[PDB]
């Protein structure tokens, strides 16, 4: 299907600039402060997605998502700086940390993969590596992967409910997993799964979790990315994908994200480039129907006076999000934690502004 660059009319320079910034920590600009008394401009969803210029998004975020212990606050200079990075900025601000992606889930149909590889055939004009990459891509199920993350997040939330130290949380978590015959029960003590809470910087902060699990909430976001990131191996894997990379462990659905290096797909035709990743913020919406949930994501980093243009923040229904692009053949559903006292992951998220 269409590339990110084709969809947004990004030039080769645009793509190179996006990739360069996304691999680091037409220059990026920090949007200025928006006063609390400046109300957002109205905007409305169209065909599953709403979008607004980043300055207006800051206004909306300040009215709704900014709350700490129930009270609004201006998005700080540092937060506006984070936000300005684009794709990643929304997730960075809402979680209060640059995404590590350590605890990640996906759903892969091994049977369909094996079958299509044996009984199927490369399309007329398709190379071997193109065929294998595509079949691997199609064998993921993002709805099932998201559902897995939600199920594990609910289990993790129940475990922290009345737990006032990490040991109590871990004890609740293990008992819960044992009872449900979940393969996650058998993860090592230092695994990303078991260490996710204590790995969260705000868990330790006096003003955040203060080492008290009950003060925290599990939250979910998604990363879309490229499977073929090994610049030392075959050009075929770089351009067409690595069928064996970033597959979920069959027992648990856990994806090992340690080899993710923010490296984009190699061009398949000269001039036509790919962006390295996309991030989509879900948070903790109560809506049971996955297709009704809202995923928040900026289009690219903020360059209001340059070729790239001002950053615009999109609020997309899940199907709009999971559609993806030719740039990405992998999706991970990541769990992390934030203090309950924040409001960056509310029960209901509404597209636009009335």
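Positions refer to the first chain, counted from 1.
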Gap between residue 25 and residue 26, counted in deposited residues with no coordinates, falls in the class 10 or more
Assert higher mean C-alpha B factor (1 to 9 or 343 to 351, deposited values) equals 1 to 9
Of 161 to 169 and 277 to 285, the stretch whose C-alpha atoms average the higher B-factor in the entry: 161 to 169
Among the candidates 265, 128, 80, 223, give the one with the maximum CA B-factor reported in the record. 128
Candidate set 207, 227, 100, 91 [ranked by C-alpha B-factor, highest]: 207
Classify residue 85 as lowest, middle or highest third according to the C-alpha B-factor given in the PDB entry, relative to its own chain. lowest
Could you look up the Cα B-factor of residue 186 in the entry and say which third of the chain it sits in: lowest, middle or highest? highest
Residue 74 - Cα temperature factor, lowest/middle/highest third of chain: middle
Sort the modelled residues of this chain by their C-alpha B factor and say whether residue 154 lands in the lowest, middle or highest third. middle
By the recorded C-alpha temperature factor, relative to the other modelled residues in its chain, which third is residue 95 in? lowest
